[PDB]
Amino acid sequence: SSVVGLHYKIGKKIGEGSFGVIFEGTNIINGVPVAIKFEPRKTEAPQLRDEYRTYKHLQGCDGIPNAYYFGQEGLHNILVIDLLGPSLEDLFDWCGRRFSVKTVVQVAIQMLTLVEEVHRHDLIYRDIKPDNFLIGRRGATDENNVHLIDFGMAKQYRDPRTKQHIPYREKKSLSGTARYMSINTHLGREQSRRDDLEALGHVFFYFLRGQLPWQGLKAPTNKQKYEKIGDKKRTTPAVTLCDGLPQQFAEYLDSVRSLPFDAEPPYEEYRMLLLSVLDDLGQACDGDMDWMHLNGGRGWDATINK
C-alpha cells in the first residue's frame, strides 16, 4: 500500500531539508499535487508533530501552505501540505548566483510581510534561509508569490493570552546555518523578533553581492568556524556591505541590529524603506523578477538548470 494519508499517493522523491524525507504526492480525490514529509517515529529528534500544529496556527495566511494531514503510517510520521515551486536559493543559482536590485527589493517586502505574519501569531522562525522561501508552481495564481515553509525551528516568543515576551537569557548552543544567523545568535542570546529580521538583512546582501564576506572561512572544527563567522559579522559595518549598493540596505541592517529585545519592529517602515529604493532608480514595483527571463522566457527548466 503505497498511498499514505488515506487520500495522498506517493509520487517523486525530492527530499532535502536536514536529511528530512520529503516527497511529491497527489490527492487522488482531486489530483492536486502535495508535498509529503516523512520522519521516523523512534528517532532521536521528534519534530514533525509540532510542525503540523505550526501550519494549522498560521492557516489561511498568504504564503503559508495549508496543513492537510498528519498520520501514523507504518513506522513513519507523515505530514501533507501544499507542494510549491523552487526555493529562492534554487532560482538564485539559476540566475547566475546574483539577483538584480529590483528583484531583491520586491522579494524583501514579501519576506518581511511573511515574517511579520509569523510574529503576529506569537512565533519566531529562527531558521531564515533562502532554501526555505519558495515560489508557487507554474500556472497557479501565486506562481511567483514567495511562500514560507519548514517550521521545525519555530519557537514561541510571547504567550497568546497575555502577549508577554519570554525573558532574556543566554547559554544556548549555536544551532542552524551560521552564514545567515544573527550576531546575537552567535553570542548565544535568546532569539526574538529582531533576529528574524537581521537574518533577513544578511539574505538581502547575500542576494545582492552573490556572496558574503564571512563565507568560505576556514577553521579546525565548527565552533571556531561558527565563531570565526561571528567576528567578521561584527568587524564589517553595514556600510561596507552596501558598497556600490543602495544605502537603504545598510540602514535596514543597522536599524534591525539596534532593536531592543522585546520591541515590536516597525515592519512597514522597513518595507517602505526598501520601496524607496525603487524610487531612486526609476523602477516600477510591478512584480518582474530575474527568474522570469531564463530559457528564452519560458521560465525555469529542470534538466538544464537543476
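The first residue of the sequence shown is number 1, and the count goes up from there.
- Judged by mean Cα B factor in the deposited record, 169-177 ranks above the other of 169-177 and 124-132.
- In this entry, 37-45 has the higher mean Cα B-factor, the comparison being between 37-45 and 253-261.
- For the set 137, 98, 194, 225, the maximum C-alpha B-factor listed in the entry falls on 225.
- Among the modelled residues of the chain, residue 246 sits in the middle third by CA temperature factor in this PDB entry.
- Annotation for residue 75: C-alpha temperature factor in the highest third relative to the rest of the modelled chain, per the entry.
- Placement of the Cα temperature factor of residue 198 within the chain: lowest third of the modelled residues, per the deposited record.
- In this PDB entry, residue 290 carries a Cα temperature factor that places it within the lowest third of its chain's modelled residues.
- Per the deposited record, the Cα B-factor of residue 266 falls in the middle third when ranked against the other modelled residues of its chain.
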